[PDB]
$ cat protein_19.csv   # CSV, C-alpha atoms
chain,number,residue,atom,x,y,z
A,1,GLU,CA,56.5,25.5,56.3
A,2,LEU,CA,57.9,28.9,57.3
A,3,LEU,CA,56.6,28.4,60.8
A,4,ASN,CA,58.8,25.4,61.4
A,5,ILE,CA,61.8,27.4,60.2
A,6,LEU,CA,61.0,30.4,62.3
A,7,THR,CA,60.3,28.4,65.4
A,8,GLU,CA,63.5,26.5,64.9
A,9,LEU,CA,65.5,29.6,64.3
A,10,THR,CA,64.3,31.3,67.5
A,11,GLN,CA,65.8,28.4,69.4
A,12,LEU,CA,69.4,29.4,68.6
A,13,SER,CA,70.4,30.5,72.1
A,14,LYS,CA,74.0,31.4,71.5
A,15,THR,CA,74.6,35.1,71.4
A,16,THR,CA,76.3,35.0,68.1
A,17,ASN,CA,73.0,34.2,66.4
A,18,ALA,CA,70.9,36.8,68.3
A,19,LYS,CA,70.0,39.1,65.5
A,20,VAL,CA,68.4,36.3,63.5
A,21,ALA,CA,66.6,34.8,66.5
A,22,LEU,CA,65.3,38.3,67.4
A,23,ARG,CA,64.0,39.3,64.0
A,24,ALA,CA,62.3,35.9,63.5
A,25,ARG,CA,60.6,36.3,66.8
A,26,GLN,CA,59.3,39.7,65.6
A,27,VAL,CA,57.9,38.1,62.6
A,28,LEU,CA,56.3,35.2,64.4
A,29,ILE,CA,54.7,37.3,67.0
A,30,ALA,CA,53.7,40.0,64.6
A,31,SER,CA,51.9,37.6,62.3
A,32,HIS,CA,48.8,37.2,64.5
A,33,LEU,CA,47.4,40.8,64.3
A,34,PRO,CA,45.0,41.5,61.4
A,35,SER,CA,46.7,43.7,58.8
A,36,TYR,CA,44.4,46.6,59.3
A,37,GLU,CA,42.0,45.9,56.5
A,38,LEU,CA,40.0,43.3,58.5
A,39,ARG,CA,39.7,45.7,61.4
A,40,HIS,CA,38.6,48.6,59.2
A,41,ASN,CA,36.0,46.5,57.5
A,42,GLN,CA,34.5,44.8,60.5
A,43,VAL,CA,34.5,48.0,62.6
A,44,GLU,CA,33.1,50.2,59.9
A,45,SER,CA,30.5,47.6,58.9
A,46,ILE,CA,29.1,47.5,62.4
A,47,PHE,CA,29.3,51.3,63.0
A,48,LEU,CA,27.8,52.2,59.6
A,49,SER,CA,25.1,49.5,59.3
A,50,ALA,CA,23.5,50.3,62.6
A,51,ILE,CA,23.0,53.9,61.4
A,52,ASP,CA,20.2,53.5,58.8
A,53,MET,CA,17.6,52.6,61.5
A,54,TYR,CA,19.1,52.0,65.0
A,55,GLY,CA,17.5,49.1,66.9
A,56,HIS,CA,17.5,46.1,64.6
A,57,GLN,CA,18.2,43.9,67.7
A,58,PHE,CA,21.4,42.6,66.2
A,59,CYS,CA,23.3,45.9,65.8
A,60,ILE,CA,23.1,46.5,69.6
A,61,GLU,CA,24.9,43.2,70.2
A,62,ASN,CA,27.5,44.0,67.6
A,63,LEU,CA,28.3,47.3,69.2
A,64,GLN,CA,28.6,45.4,72.5
A,65,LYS,CA,31.0,43.0,70.8
A,66,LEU,CA,33.2,45.9,69.7
A,67,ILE,CA,33.2,47.0,73.4
A,68,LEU,CA,33.9,43.6,74.9
A,69,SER,CA,36.1,41.8,72.4
A,70,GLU,CA,39.7,40.9,72.6
A,71,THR,CA,40.8,42.8,69.5
A,72,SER,CA,41.9,46.4,70.0
A,73,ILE,CA,39.9,48.7,67.7
A,74,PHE,CA,41.5,51.9,69.1
A,75,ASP,CA,43.4,52.1,65.8
A,76,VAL,CA,40.0,52.5,64.0
A,77,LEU,CA,37.7,54.3,66.5
A,78,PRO,CA,39.3,57.8,66.1
A,79,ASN,CA,38.6,57.7,62.4
A,80,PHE,CA,34.9,58.3,63.1
A,81,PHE,CA,35.4,61.9,63.7
A,82,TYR,CA,32.3,62.3,61.5
A,83,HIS,CA,33.0,60.0,58.5
A,84,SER,CA,30.0,61.2,56.6
A,85,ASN,CA,26.8,60.2,58.5
A,86,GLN,CA,27.2,62.5,61.5
A,87,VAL,CA,25.2,59.9,63.6
A,88,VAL,CA,28.2,57.5,63.7
A,89,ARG,CA,30.0,60.1,65.9
A,90,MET,CA,27.5,59.2,68.6
A,91,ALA,CA,28.0,55.4,68.2
A,92,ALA,CA,31.8,55.6,68.0
A,93,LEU,CA,32.1,57.8,71.1
A,94,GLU,CA,29.8,55.4,73.0
A,95,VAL,CA,32.0,52.4,72.1
A,96,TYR,CA,35.3,54.3,72.7
A,97,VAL,CA,34.4,55.5,76.1
A,98,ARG,CA,32.7,52.3,77.1
A,99,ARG,CA,35.7,50.2,76.1
A,100,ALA,CA,38.3,52.5,77.6
A,101,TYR,CA,36.3,53.0,80.8
A,102,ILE,CA,35.7,49.3,81.3
A,103,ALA,CA,36.7,49.5,84.9
A,104,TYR,CA,34.7,52.6,85.9
A,105,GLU,CA,31.1,51.7,86.5
A,106,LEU,CA,29.0,53.6,84.0
A,107,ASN,CA,25.3,54.2,84.6
A,108,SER,CA,24.1,57.2,82.5
A,109,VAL,CA,25.3,58.1,79.0
A,110,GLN,CA,23.8,60.7,76.8
A,111,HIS,CA,24.4,62.2,73.3
A,112,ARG,CA,24.2,65.9,72.7
A,113,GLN,CA,24.6,67.9,69.5
A,114,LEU,CA,25.3,71.4,68.3
A,115,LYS,CA,24.4,72.9,64.9
A,116,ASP,CA,28.0,72.9,63.7
A,117,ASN,CA,30.8,70.3,64.2
A,118,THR,CA,30.5,69.3,67.8
A,119,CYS,CA,29.2,65.8,68.7
A,120,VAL,CA,29.4,65.8,72.6
A,121,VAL,CA,28.6,62.9,74.8
A,122,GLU,CA,28.2,63.1,78.6
A,123,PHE,CA,28.9,60.2,81.0
A,124,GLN,CA,28.0,59.6,84.6
A,125,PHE,CA,29.8,56.9,86.4
A,126,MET,CA,31.3,56.0,89.8
A,127,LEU,CA,34.5,54.6,91.3
A,128,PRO,CA,33.9,51.0,92.7
A,129,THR,CA,37.1,50.5,94.8
A,130,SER,CA,39.6,53.3,94.1
A,131,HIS,CA,39.8,56.5,96.1
A,132,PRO,CA,36.1,56.2,96.9
A,133,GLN,CA,30.8,60.0,91.9
A,134,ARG,CA,32.6,61.6,89.0
A,135,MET,CA,31.2,62.8,85.6
A,136,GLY,CA,32.8,63.1,82.2
A,137,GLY,CA,32.3,63.7,78.5
A,138,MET,CA,34.0,63.4,75.2
A,139,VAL,CA,34.1,65.5,72.0
A,140,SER,CA,36.1,65.5,68.7
A,141,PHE,CA,37.5,68.5,66.8
A,142,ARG,CA,39.5,69.2,63.6
A,143,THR,CA,43.1,70.2,63.1
A,144,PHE,CA,43.7,72.2,66.4
A,145,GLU,CA,42.1,75.6,66.2
A,146,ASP,CA,38.6,74.2,66.0
A,147,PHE,CA,39.2,73.1,69.6
A,148,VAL,CA,39.8,76.7,71.0
A,149,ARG,CA,37.2,78.2,68.6
A,150,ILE,CA,34.2,76.7,70.5
A,151,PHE,CA,36.1,75.6,73.7
A,152,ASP,CA,33.8,77.7,75.9
A,153,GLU,CA,30.6,76.3,74.2
A,154,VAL,CA,31.4,72.6,74.6
A,155,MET,CA,32.0,73.1,78.3
A,156,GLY,CA,28.4,74.3,78.7
A,157,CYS,CA,27.1,70.8,79.6
A,158,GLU,CA,35.0,69.9,93.6
A,159,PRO,CA,36.6,69.3,90.1
A,160,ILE,CA,34.9,65.9,89.4
A,161,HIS,CA,34.5,66.5,85.6
A,162,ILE,CA,36.7,64.7,83.1
A,163,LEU,CA,36.9,65.9,79.5
A,164,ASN,CA,38.3,63.9,76.6
A,165,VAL,CA,39.2,65.7,73.4
A,166,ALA,CA,40.1,64.0,70.1
A,167,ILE,CA,41.7,66.1,67.3
A,168,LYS,CA,42.1,65.0,63.7
A,169,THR,CA,45.8,65.7,62.8
A,170,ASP,CA,46.4,62.6,60.6
A,171,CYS,CA,50.0,63.5,59.6
A,172,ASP,CA,53.6,63.3,60.9
A,173,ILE,CA,54.0,62.3,64.6
A,174,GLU,CA,55.8,65.2,66.2
A,175,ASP,CA,55.3,64.7,69.9
A,176,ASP,CA,57.3,67.8,71.1
A,177,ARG,CA,55.3,70.2,68.9
A,178,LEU,CA,52.0,68.6,69.9
A,179,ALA,CA,52.9,68.9,73.6
A,180,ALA,CA,54.0,72.5,73.2
A,181,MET,CA,50.7,73.4,71.4
A,182,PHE,CA,48.6,71.8,74.2
A,183,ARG,CA,50.6,73.4,77.0
A,184,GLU,CA,49.9,76.8,75.5
A,185,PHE,CA,46.2,76.3,75.8
A,186,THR,CA,46.2,74.7,79.2
A,187,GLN,CA,48.6,77.3,80.7
A,188,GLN,CA,46.7,80.4,79.3
A,189,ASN,CA,43.1,79.2,79.5
A,190,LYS,CA,41.9,78.1,83.0
A,191,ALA,CA,38.3,77.4,82.1
A,192,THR,CA,38.9,73.9,83.6
A,193,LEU,CA,39.0,75.6,87.1
A,194,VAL,CA,36.6,78.5,86.9
A,195,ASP,CA,33.7,77.1,84.8
A,196,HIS,CA,32.8,74.0,86.8
A,197,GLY,CA,36.0,72.1,87.6
A,198,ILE,CA,37.7,69.5,85.3
A,199,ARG,CA,40.2,67.2,87.1
A,200,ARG,CA,42.1,66.2,83.9
A,201,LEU,CA,42.0,67.0,80.2
A,202,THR,CA,43.2,64.3,77.8
A,203,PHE,CA,44.0,64.9,74.2
A,204,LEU,CA,43.9,62.1,71.6
A,205,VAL,CA,46.1,62.6,68.6
A,206,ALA,CA,45.4,60.3,65.6
A,207,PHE,CA,48.6,54.5,66.4
A,208,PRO,CA,46.8,56.7,68.9
A,209,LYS,CA,49.0,59.2,70.8
A,210,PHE,CA,47.6,60.3,74.1
A,211,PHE,CA,48.7,63.5,75.9
A,212,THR,CA,47.3,64.1,79.4
A,213,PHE,CA,47.3,67.6,81.1
A,214,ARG,CA,46.1,68.3,84.6
A,215,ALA,CA,45.6,72.0,85.1
A,216,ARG,CA,44.8,71.9,88.8
A,217,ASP,CA,47.9,71.5,91.1
A,218,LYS,CA,50.9,70.2,89.1
A,219,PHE,CA,52.5,71.5,85.9
A,220,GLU,CA,50.3,70.8,82.9
A,221,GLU,CA,52.1,67.7,81.8
A,222,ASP,CA,52.2,63.9,82.4
A,223,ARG,CA,55.2,61.9,81.4
A,224,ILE,CA,53.8,58.6,82.8
A,225,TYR,CA,50.6,58.3,80.7
A,226,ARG,CA,52.1,59.5,77.5
A,227,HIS,CA,50.6,57.4,74.7
A,228,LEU,CA,48.3,55.8,77.3
A,229,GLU,CA,44.8,56.8,78.2
A,230,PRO,CA,44.7,57.3,82.0
A,231,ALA,CA,41.2,55.7,82.1
A,232,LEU,CA,43.2,52.5,82.4
A,233,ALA,CA,45.0,53.7,85.6
A,234,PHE,CA,42.9,51.4,87.8
A,235,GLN,CA,42.7,48.5,85.3
A,236,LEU,CA,46.5,48.3,85.6
A,237,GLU,CA,47.8,49.0,89.1
A,238,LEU,CA,50.3,51.7,88.3
A,239,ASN,CA,50.1,53.2,91.7
A,240,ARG,CA,52.2,50.3,93.0
A,241,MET,CA,55.3,51.7,91.4
A,242,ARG,CA,56.1,54.7,93.5
A,243,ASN,CA,59.6,53.3,94.2
A,244,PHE,CA,60.6,53.1,90.5
A,245,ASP,CA,61.2,55.5,87.6
A,246,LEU,CA,59.4,54.0,84.6
A,247,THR,CA,59.9,54.1,80.9
A,248,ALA,CA,57.2,52.6,78.7
A,249,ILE,CA,58.5,50.4,75.8
A,250,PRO,CA,56.3,50.2,72.7
A,251,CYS,CA,55.5,46.8,71.3
A,252,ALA,CA,53.3,45.0,68.9
A,253,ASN,CA,49.8,44.0,70.2
A,254,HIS,CA,49.7,46.9,72.6
A,255,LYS,CA,47.4,45.2,75.0
A,256,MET,CA,50.6,44.0,76.6
A,257,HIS,CA,51.9,47.2,78.1
A,258,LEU,CA,55.6,46.8,78.8
A,259,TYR,CA,57.5,49.1,81.2
A,260,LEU,CA,61.1,49.1,82.3
A,261,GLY,CA,61.5,50.4,85.8
A,262,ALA,CA,64.6,51.5,87.6
A,263,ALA,CA,64.7,51.7,91.4
A,264,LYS,CA,64.8,55.1,92.9
A,265,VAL,CA,68.1,55.7,94.6
A,266,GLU,CA,69.7,58.7,96.4
A,267,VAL,CA,72.3,61.0,94.9
A,268,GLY,CA,75.0,58.7,96.4
A,269,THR,CA,74.5,55.0,95.5
A,270,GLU,CA,73.9,54.4,91.9
A,271,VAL,CA,71.1,52.3,90.3
A,272,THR,CA,71.6,48.5,90.2
A,273,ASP,CA,67.9,47.3,90.2
A,274,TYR,CA,66.2,47.3,86.8
A,275,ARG,CA,63.1,45.3,86.2
A,276,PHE,CA,60.6,44.7,83.4
A,277,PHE,CA,56.9,44.8,84.1
A,278,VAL,CA,54.3,43.4,81.8
A,279,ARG,CA,50.9,44.8,82.5
A,280,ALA,CA,48.2,43.3,80.2
A,281,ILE,CA,44.4,43.9,79.8
A,282,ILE,CA,42.3,41.0,78.7
A,283,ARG,CA,38.9,42.1,77.4
A,284,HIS,CA,36.1,39.6,76.9
A,285,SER,CA,32.5,39.2,77.7
A,286,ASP,CA,31.4,37.5,80.9
A,287,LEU,CA,31.1,33.7,80.9
A,288,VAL,CA,28.3,31.4,82.0
A,289,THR,CA,29.8,28.2,83.2
A,290,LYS,CA,28.2,24.8,82.5
A,291,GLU,CA,31.5,23.2,83.2
A,292,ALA,CA,32.4,24.9,79.9
A,293,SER,CA,34.8,27.6,81.1
A,294,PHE,CA,37.8,25.3,81.6
A,295,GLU,CA,38.9,25.6,78.0
A,296,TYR,CA,38.6,29.3,78.2
A,297,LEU,CA,40.8,29.6,81.2
A,298,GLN,CA,43.4,27.1,79.8
A,299,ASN,CA,43.5,28.6,76.4
A,300,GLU,CA,43.7,32.2,77.5
A,301,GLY,CA,46.2,31.4,80.2
A,302,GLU,CA,48.5,29.7,77.6
A,303,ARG,CA,48.0,32.3,74.9
A,304,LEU,CA,48.6,35.3,77.2
A,305,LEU,CA,51.5,33.7,78.9
A,306,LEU,CA,53.2,33.0,75.6
A,307,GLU,CA,52.6,36.4,74.3
A,308,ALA,CA,53.9,38.0,77.5
A,309,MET,CA,57.1,35.9,77.2
A,310,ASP,CA,57.5,36.8,73.5
A,311,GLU,CA,57.2,40.5,73.9
A,312,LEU,CA,59.4,40.4,76.9
A,313,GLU,CA,62.0,38.4,75.0
A,314,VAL,CA,62.2,41.0,72.3
A,315,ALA,CA,62.4,43.9,74.7
A,316,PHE,CA,64.8,42.0,77.0
A,317,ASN,CA,67.3,41.5,74.2
A,318,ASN,CA,67.0,45.1,72.9
A,319,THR,CA,68.6,46.6,75.9
A,320,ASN,CA,71.5,45.9,78.4
A,321,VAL,CA,70.6,46.8,81.9
A,322,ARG,CA,70.8,43.3,83.4
A,323,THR,CA,67.4,43.0,85.0
A,324,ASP,CA,66.7,40.5,87.8
A,325,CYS,CA,63.1,40.2,88.9
A,326,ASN,CA,60.7,40.5,86.0
A,327,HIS,CA,57.0,40.5,86.7
A,328,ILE,CA,53.9,39.7,84.7
A,329,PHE,CA,50.5,41.0,85.6
A,330,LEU,CA,47.4,39.7,83.7
A,331,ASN,CA,44.1,41.5,84.6
A,332,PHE,CA,41.1,39.6,83.2
A,333,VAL,CA,38.0,41.8,82.7
A,334,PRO,CA,35.4,39.0,82.4
A,335,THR,CA,33.9,37.2,85.4
A,336,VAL,CA,34.1,33.4,85.3
A,337,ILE,CA,32.3,30.8,87.5
A,338,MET,CA,34.9,28.4,88.7
A,339,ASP,CA,36.2,26.9,91.9

$ encode --input "protein_19.csv" --output "structure tokens"
Amino acid sequence: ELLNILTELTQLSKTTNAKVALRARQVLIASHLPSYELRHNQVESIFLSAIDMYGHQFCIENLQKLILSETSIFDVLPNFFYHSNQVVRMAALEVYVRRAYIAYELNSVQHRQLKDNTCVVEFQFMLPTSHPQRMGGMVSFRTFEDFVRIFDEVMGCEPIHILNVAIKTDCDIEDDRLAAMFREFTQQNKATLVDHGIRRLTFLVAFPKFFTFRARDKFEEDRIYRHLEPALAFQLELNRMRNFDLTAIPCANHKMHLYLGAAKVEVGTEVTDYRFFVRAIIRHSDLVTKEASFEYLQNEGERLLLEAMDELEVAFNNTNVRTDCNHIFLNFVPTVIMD
């Protein structure tokens, strides 16, 4: 009964009634995401029930589902810093890295421990078709100082290594302060170069707020991948934007990553070309076709197209730069058998 009103209200195209049509859209599009209790319960159920005795032959598949489902669980996965079991660290890190590094071809993952608070996991993968064998790993910490306290210990596993660091600071988003704190460590301590060689160091702040620092050639900062894990730098073709200066726009259901790009111009002629880019990631398990994938393609096409248009509508009306050639890119992870 409210859906009819909201969908009628969003059709008021005259600019006098924009505020109401905008807000209604925000409601209608926002009322598809579970309200965080369902995600907490499902995710913690899987991650905590596998723990008692791993290998019940259904827990494995449930972890796989968490890796290869549509719903984003990156708002829950960083909560398994330890939680209480200390074994769930292992599982959560596995799912996190495997879901984030969907595009990288992983082959060898392993869980390592220390006799304190340091669940480490090492990963060995390769790059299928992008600058073509790197290695990596991930570890969590507490507050900030626990990172530096044993920073030299956790590294005792060409700069091919990648390290991910997740730090429990569940209070008060302060991006400037966070960035300053991380810059101090990366500018003073050069273990990333002298120990074995780490290409990039990524900090996850706990929804998630990513900060990436490369202590190799450029200044230890990255304005492009702020609030985005750069493991998705191949899933979404961001290298095709050298000619533009980009600003990311936050939105609900942040599988639809929106950027506003302004053409690079000289110091003479001003900027007249502004364009939105929707870059989406569609996660789902592979399909076996028995002439049964048509509904999947049709439904996902329609659903994703409508969501793209809705998010773009909101962000299009929130600014005034008069864009011309907006673009939508949908990258589907699963393979489908179809002509």

$ closest_residue --input "protein_19.csv" --among "A:194, A:301, A:162, A:258" --to "residue 213 of chain A" --atoms "all atoms listed in the file"
A:162

$ closest_atom_pairs --input "protein_19.csv" --of "segment 215-264 of chain A" --to "segment 12-29 of chain A" --cutoff "10 Å" --atoms "only C-alpha atoms" --output "Markdown table"
| residue | atom | partner | partner_atom | distance |
| --- | --- | --- | --- | --- |
| A:251 | CA | A:26 | CA | 9.9 |
| A:252 | CA | A:29 | CA | 8.1 |
| A:253 | CA | A:29 | CA | 8.9 |

$ residues_around --input "protein_19.csv" --residues "residue 58 of chain A" --least-positions-apart "6" --cutoff "10 Å" --atoms "all atoms listed in the file" --output "VMD selection string"
chain A and resid 46 50 64

$ write_last_selection --input "protein_19.csv" --atoms "C-alpha atoms" --output "compact mmCIF listing (two decimals), in the frame of the given file"
# COMPACT_ATOMS: atom_id res chain seq x y z
CA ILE A 46 29.10 47.50 62.40
CA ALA A 50 23.50 50.30 62.60
CA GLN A 64 28.60 45.40 72.50

$ closest_residue --input "protein_19.csv" --among "A:94, A:313, A:237, A:175" --to "residue 106 of chain A" --atoms "all atoms listed in the file"
A:94

$ closest_residue --input "protein_19.csv" --among "A:116, A:291, A:146, A:324" --to "residue 261 of chain A" --atoms "only C-alpha atoms"
A:324

$ residues_near_point --input "protein_19.csv" --point "(29.4, 76.6, 85.0)" --cutoff "7 Å" --atoms "all atoms listed in the file" --output "MDAnalysis selection string"
chainID A and resid 156 195:196

$ closest_residue --input "protein_19.csv" --among "A:336, A:305, A:167, A:281" --to "residue 256 of chain A" --atoms "all atoms listed in the file"
A:281

$ residues_around --input "protein_19.csv" --residues "segment 32-44 of chain A" --least-positions-apart "2" --cutoff "9 Å" --atoms "all atoms listed in the file" --output "PDB file with C-alpha atoms, keeping the file's coordinate frame"
ATOM      1  CA  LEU A  28      56.300  35.200  64.400  1.00  0.00           C
ATOM      2  CA  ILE A  29      54.700  37.300  67.000  1.00  0.00           C
ATOM      3  CA  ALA A  30      53.700  40.000  64.600  1.00  0.00           C
ATOM      4  CA  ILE A  46      29.100  47.500  62.400  1.00  0.00           C
ATOM      5  CA  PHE A  47      29.300  51.300  63.000  1.00  0.00           C
ATOM      6  CA  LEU A  48      27.800  52.200  59.600  1.00  0.00           C
ATOM      7  CA  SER A  49      25.100  49.500  59.300  1.00  0.00           C
ATOM      8  CA  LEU A  66      33.200  45.900  69.700  1.00  0.00           C
ATOM      9  CA  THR A  71      40.800  42.800  69.500  1.00  0.00           C
ATOM     10  CA  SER A  72      41.900  46.400  70.000  1.00  0.00           C
ATOM     11  CA  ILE A  73      39.900  48.700  67.700  1.00  0.00           C
ATOM     12  CA  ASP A  75      43.400  52.100  65.800  1.00  0.00           C
ATOM     13  CA  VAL A  76      40.000  52.500  64.000  1.00  0.00           C
ATOM     14  CA  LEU A  77      37.700  54.300  66.500  1.00  0.00           C
ATOM     15  CA  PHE A  80      34.900  58.300  63.100  1.00  0.00           C
ATOM     16  CA  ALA A 252      53.300  45.000  68.900  1.00  0.00           C
ATOM     17  CA  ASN A 253      49.800  44.000  70.200  1.00  0.00           C
TER      18      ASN A 253
END

$ atom_distance --input "protein_19.csv" --atom1 "atom CA of residue 125 of chain A" --atom2 "atom CA of residue 105 of chain A"
5.4 Å
